[PDB]
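Just so you know, these numbers use all the heavy atoms, side chains as well, and skip hydrogens, waters and symmetry mates. Throughout, protein chains are lettered first and strands after them, A, B, ... in sequence-line order, and every chain is numbered starting at 1.
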Amino acid sequence: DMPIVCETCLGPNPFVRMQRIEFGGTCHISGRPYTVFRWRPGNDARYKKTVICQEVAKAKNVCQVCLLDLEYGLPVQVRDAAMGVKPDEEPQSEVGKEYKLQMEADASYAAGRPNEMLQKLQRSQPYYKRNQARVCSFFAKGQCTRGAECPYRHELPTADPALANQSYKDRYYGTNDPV
Amino acid sequence: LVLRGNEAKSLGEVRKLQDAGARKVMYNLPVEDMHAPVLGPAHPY
Amino acid sequence: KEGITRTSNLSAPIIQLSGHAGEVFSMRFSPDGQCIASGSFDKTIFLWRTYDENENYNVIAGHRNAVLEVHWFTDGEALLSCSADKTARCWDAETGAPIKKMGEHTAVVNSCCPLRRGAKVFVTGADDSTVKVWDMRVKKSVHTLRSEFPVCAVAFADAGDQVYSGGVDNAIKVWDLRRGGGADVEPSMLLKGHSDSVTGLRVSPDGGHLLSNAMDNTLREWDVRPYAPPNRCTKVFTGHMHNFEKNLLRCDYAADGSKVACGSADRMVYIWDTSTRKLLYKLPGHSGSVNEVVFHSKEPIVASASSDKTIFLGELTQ
Amino acid sequence: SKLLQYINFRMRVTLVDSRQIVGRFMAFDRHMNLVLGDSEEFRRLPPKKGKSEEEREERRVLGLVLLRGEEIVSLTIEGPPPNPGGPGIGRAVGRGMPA
Ligand SMILES: [Zn+2]
Ligand SMILES: [Zn+2]
């Protein structure tokens, strides 16, 4: 009825026009058809859409968009490390994952003292710069004709080359998440 | 006749509260009944 | 179970009235308390029974824009509807026919109040800064006064010779209509103390007190007794809200003068005890700004109308 | 004519010989013909001193009568004529609360 979203991934505007595409995608983790939500966080933003199921979202207390934790905004590793909790038991397989889901249908993150570790390692103001156009792939190759008009960032990619290959399932579960 | 009276009365049953979870209100009560918060240590969340 | 002292004859102590298709801007109880006139943004008037089914037995149409304000006429069979389509309309309630449609105003006819003792006469104040008095049987308007700022709320006094108009100009005015048979009369009384616009005006059941709701998020109570202190301001109420919606949020007195109900923009039905000037009921349940609240003529029943296309209809327990 | 306002309205008639006809109005002709339902003839007998003019005018009951205008002189009124449910619902609902 409403996305489960990082309040950074709603941008500065207290008013949000968001598109609701029911059955608009497959959860990037449970592979399930779910209701997608799409919106422009702010005027400098792009159009971000939810990436995972609503359940698969509220299991690990992560945003449906950035897959970062909901309380502190750090990847699911960094929060699981400071939470000290076991490795993910949840089945990687989708037969397994859907079986776990159809079970939990028919029948730990809210009650922790605020961990100083996570608090120490988090951003004070919101990373709105995460809600912004990708980089113009034609500006990189030098072949962009769209000029300043391009809705895509006219800068070059300045990124760790082991990064920029991140996996949804791994940023949601917490295994070899390079960030 | 003034012999002795207490303030024990007007409390008890009359103050009709709702369950700390219920998201409906079935009857129009005063603000101190229907509202007037639950209780207890903020909790951790 | 729970057996809490059923006040009214209504089937339940909280009844939601649905069937509208727009904001509900103003409502009114029949003088004999067994009818509801609900005027919606959908330029339509639903007529509900107050008992035994709550049946909307008639939908009267005929305005081309939102019916902003409705009262009943003193006998309860004729209805006065005021709208945004610049047209105030007299209807027969039992029948479903319109009686007299006067459209003399140039802009949205925000506010109206029909006189409760005397002839069939009602005031209407609209966006043209003119508050006009309208007698039933003549087809011309009987009076026309000109302020400079668009008229938001108007009421006709208990006794029937003065008119109260309040608007965006930070001061509510009382005018005398028999003192004025001319076209640029100057105002008789200047009730000041609201810090911005007035939205709703109700005449007290004795006629000595006037209730003003203001987007000063303040309810103010003034006395209209011609022998008053220098400051006619008596009472102040805090608690309700006005927001960017700037809807026509109104006032009401309980039929006994014991409570005062305001519509608010925080979706809450507010009911203060006039005496202690404090909040008796703060009823939730509305999804849109609460436009007008009406106290049932006989029982302590309160019915509210919201900008959420419904009307809650219930009784007060304490 | 305005005696269209006058059909079904009970009326009294004077004849030239001054005989009185009281009945109710049914139909009227251009020739001042009339149709009297429930008609009775009140004929004025001479007033014999010591009695009221009002208490002994000879009443005959004629029944349904029709009146030729040629001897119709005057007509007056005698008395009066003788003798969406809309798309609304109301349902019981609690008021929702935010906490
Ligand atoms: Zn997010
Ligand atoms: Zn480009």
Side-chain angles (χ1 to χ4, degrees), chain C residues 30-32 35 45 47 57-58 60-63 71-81 87-104 114-115 117-122 133-143, chain D residues 1-47 52-84:
Chain C
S30 47
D32 36 305
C35 328
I45 316 282
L47 290 188
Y57 55 90
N58 198 337
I60 92 181
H63 295 223
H71 310 261
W72 298 69
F73 272 137
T74 32
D75 77 301
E77 307 333 291
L79 291 146
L80 167 71
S81 291
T87 290
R89 295 195 151 97
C90 162
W91 315 71
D92 202 350
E94 202 299 312
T95 83
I99 313 310
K100 290 163 131 267
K101 65 157 212 103
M102 304 82 56
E104 300 253 339
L115 192 68
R117 308 191 211 294
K120 319 150 70 71
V121 45
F122 40 93
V133 181
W134 309 62
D135 186 316
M136 187 45 111
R137 284 285 135 228
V138 63
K139 284 225 207 51
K140 176 84 219 42
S141 286
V142 284
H143 308 70
Chain D
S1 81
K2 312 227 271 300
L3 47 149
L4 281 145
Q5 202 199 317
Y6 285 144
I7 302 166
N8 291 49
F9 295 75
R10 273 267 190 167
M11 281 135 193
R12 167 203 289 292
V13 194
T14 328
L15 311 189
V16 292
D17 64 348
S18 294
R19 253 52 177 264
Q20 295 242 29
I21 322 295
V22 180
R24 45 153 253 200
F25 207 109
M26 292 317 318
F28 74 108
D29 221 326
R30 155 240 309 180
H31 286 281
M32 258 153 297
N33 256 302
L34 299 184
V35 174
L36 275 180
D38 310 26
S39 93
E40 315 106 302
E41 207 211 3
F42 287 137
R43 33 149 174 276
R44 199 174 105 223
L45 258 50
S52 180
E53 195 126 0
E54 270 282 291
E55 55 91 62
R56 65 161 251 290
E57 286 154 280
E58 177 147 340
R59 79 133 187 80
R60 167 257 286 279
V61 184
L62 274 160
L64 172 74
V65 156
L66 70 102
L67 305 192
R68 179 184 193 92
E70 297 192 329
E71 286 211 324
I72 291 261
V73 51
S74 297
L75 322 165
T76 187
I77 312 106
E78 264 331 279
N83 279 342

On a heavy-atom basis, which atom in [X] and which in [Y] lie closest, and how many Å separate them?
X      : Y      : answer
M32(D) : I72(D) : O-CG1, 4.0 Å
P31(C) : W72(C) : CD-CB, 4.0 Å
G76(C) : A93(C) : O-CB, 4.1 Å
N58(C) : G96(C) : ND2-CA, 3.7 Å
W91(C) : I60(C) : CD2-CD1, 3.4 Å

Flag if over 12 foreign heavy atoms under 6.0 Å of CZ, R56(D): yes
Residues, nucleotides or ligands: over 12 heavy atoms within 6.0 Å of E71(D) CD: no
By side-chain contact (heavy atoms from CB on, under 4.5 Å) - contacts of [X] (at least two apart):
X       : result
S74(D)  : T14(D)
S52(D)  : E54(D), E55(D)
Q5(D)   : none
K100(C) : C90(C), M102(C), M136(C), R137(C), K139(C)

Parallel, tilted or perpendicular: rings of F122(C) and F73(C) (30°, 60°): tilted
Exam field: side chain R89(C) to backbone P98(C), donor-acceptor pair closer than 3.5 Å: no
Audit row: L115(C), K120(C), side-chain contact (heavy atoms from CB on, under 4.5 Å) steps and yes/no: CA-CA 7 Å; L115(C) 192 68; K120(C) 319 150 70 71; over 6 Å; no
Working to the nearest 0.5 Å, report the span between [atom1] of [X] and [atom2] of [Y].
X       : Y       : atom1 : atom2 : value
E77(C)  : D32(C)  : CD    : CG    : 6.5 Å
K101(C) : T87(C)  : NZ    : OG1   : 5.0 Å
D135(C) : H143(C) : CG    : NE2   : 9.0 Å
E94(C)  : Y57(C)  : CD    : OH    : 8.0 Å
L15(D)  : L67(D)  : CG    : CG    : 7.5 Å
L80(C)  : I99(C)  : CG    : CD1   : 12.5 Å

Could you pull out all donor-acceptor pairs under 3.5 Å where a side-chain atom in residues 33-42 of chain D meets a protein atom, sequence neighbours excluded?
| residue | atom | partner | partner atom | Å |
| --- | --- | --- | --- | --- |
| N33(D) | OD1 | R68(D) | N | 3.3 |
| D38(D) | OD2 | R10(D) | NH2 | 3.3 |
| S39(D) | OG | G63(D) | O | 2.6 |
| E41(D) | OE1 | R43(D) | NH1 | 3.0 |
| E41(D) | OE1 | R60(D) | NE | 3.0 |
| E41(D) | OE1 | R60(D) | NH2 | 3.1 |

Steps toward side-chain contact (heavy atoms from CB on, under 4.5 Å) verdict (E70(D), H31(D)): CA-CA 8 Å; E70(D) 297 192 329; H31(D) 286 281; over 6 Å; no
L75(D) and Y6(D), any side-chain heavy atoms less than 4.5 Å apart: no
Any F28(D) side-chain heavy atom under 4.5 Å of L4(D) side chain: yes
Any pair counted as side-chain hydrogen bond (donor to acceptor under 3.5 Å, both in side chains), so long as it reaches residues 19-29 of chain D, sequence neighbours left out: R12(D)-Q20(D)
